[PDB]
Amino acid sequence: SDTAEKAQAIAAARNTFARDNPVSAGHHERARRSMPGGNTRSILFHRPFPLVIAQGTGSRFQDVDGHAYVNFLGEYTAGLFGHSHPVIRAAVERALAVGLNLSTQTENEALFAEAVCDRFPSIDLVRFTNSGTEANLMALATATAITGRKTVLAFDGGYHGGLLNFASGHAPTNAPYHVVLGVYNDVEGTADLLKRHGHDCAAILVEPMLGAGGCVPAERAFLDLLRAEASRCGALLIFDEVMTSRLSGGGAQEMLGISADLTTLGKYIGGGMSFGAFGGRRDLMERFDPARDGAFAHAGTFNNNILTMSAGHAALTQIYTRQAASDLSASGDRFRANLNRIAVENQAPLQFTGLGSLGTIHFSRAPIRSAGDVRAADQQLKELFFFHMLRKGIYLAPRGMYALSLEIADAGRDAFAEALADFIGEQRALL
């Protein structure tokens, strides 16, 4: 499906971006001297070079060349509060007043843990980590240590952190858990794998919607299979809700009425501060009670850091309440529906998939149900879309994902929709 016409368009788009952004280009050359590819977070890199941002307030930011954008990326769902939320700021100020690096417990960690347990229906007890990666690693540590088993079932296209990256199948850098990969949403194939491996299965690890892998919702039949089979064979079902937890007050599990044995959390819950968490069934999580004989150990210098504890409690109780989550997801559904309406109205061979305030463009009108479907959609048009949106002052992920923050308003949503319509018109010959 790769064509020379599209490759020529991409070359032209990259060239225009380069010409537009010489200050960012200068930054990149300098950054390469201290970091591999001038990079410390792989997903931030794109050709010909990434933007460097100077400053941002609310939903807007400005690059080092002075161009302004509305930020539709929202820190891959962590940046729910925009760039300068006054309640987050107040929480940071309160944290400084309590004191940094106090080397001890404060009440703030307990208050934050209570806020998490209150709203997530399957989390009876929780522990905080410093990232979604650590949360998922600790969930696997819990499952393997409790069951004494080695096999982990996960899914092709699934992303669970820097050491558990299955976005393109097995990565040589992944931690060497014995992972068997299924096809997302594939009931019969997955049922077969669970017949074969169920006996040695410590855990099933699954996102209720592929996040990085394309905003691909799980189907109920698929999740029902995993819940029934985990219970049958004695594996722990782990829902990775690092992204999906935002979709309702109680995440995907509240929406579905399906409870995982363990749940991992990340992104926005710490108020935009470093954050992850793992929690779940009381009888599983109690294995970490340090007063218990044979307790599992889980240290971590910054687990209880005052900034995350303070900003996280503010995030859940003062800003993104359960009602706020319902409201934002409804807003996101209307937004996604409008984008899809624009595509249909214009006979465009594209769609936006997702749930609530999360969505990704795919250049296909086939059902998008697994990693294979995402990969089969037109990747060249996806790149062209990214550069087009940038030229229109709209910033979203290179991979075509948006994650609406609470600061996105009518003006931003209107601008996105108009820019989409303009893309369809201007790139008609390639569509």
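Note that residue numbering begins at 1 and tracks the sequence as displayed. Rigid core (definition): largest C-alpha set, two forms, superposition within 1.5 Å.
Student: Comparing against the shown form in 5 other deposited structures of this protein, which stretch has the larger RMS C-alpha deviation after a rigid core superposition, 90-98 or 253-261?
Tutor: It is 90-98 whose C-alphas lie farther from the shown form in 5 other deposited structures of this protein.
Student: How do 339-347 and 176-184 compare in 5 other deposited structures of this protein: which one has C-alphas farther from this form after the rigid core is matched?
Tutor: Looking at 339-347 versus 176-184 in 5 other deposited structures of this protein, the farther one turns out to be 339-347.
Student: Please compare 169-177 with 299-307 and name the stretch with the higher mean C-alpha B-factor in the deposited structure.
Tutor: In the deposited entry, the stretch with the higher C-alpha B-factor mean is 169-177.
Student: Going by the B-factors listed in the PDB entry, is the mean over the C-alpha atoms higher for 339-347 or for 266-274?
Tutor: The entry gives the higher C-alpha B-factor average to 339-347.
Student: Which of these, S231, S245, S357, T360, has its C-alpha atom at the highest B-factor, as the entry lists it?
Tutor: Comparing C-alpha B-factors across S231, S245, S357, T360, the top value belongs to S231.
Student: Highest CA temperature factor in the entry: which of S326, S84, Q318, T353?
Tutor: Answer, based on the entry's C-alpha B-factors: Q318.
Student: Rank-wise, by C-alpha B-factor, drop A421 into the lowest, middle or highest third of its chain.
Tutor: Its C-alpha B-factor belongs to the highest third of this chain's values.
Student: By the recorded C-alpha temperature factor, relative to the other modelled residues in its chain, which third is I10 in?
Tutor: Top third by C-alpha B-factor.
Student: Looking at the entry's B-factor column for C-alpha atoms only, identify whether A25 ranks in the lowest, middle or highest third of its chain.
Tutor: Middle third of the chain for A25's C-alpha B-factor.
Student: Place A212 in the lowest, middle or highest third of its chain's C-alpha B-factors, as listed in the PDB entry.
Tutor: Its C-alpha B-factor belongs to the middle third of this chain's values.
Student: Could you place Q105 in the lowest, middle or highest third of its chain by Cα temperature factor, using the values in the record?
Tutor: Middle third - that is where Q105 ends up once the chain's C-alpha B-factors are sorted.
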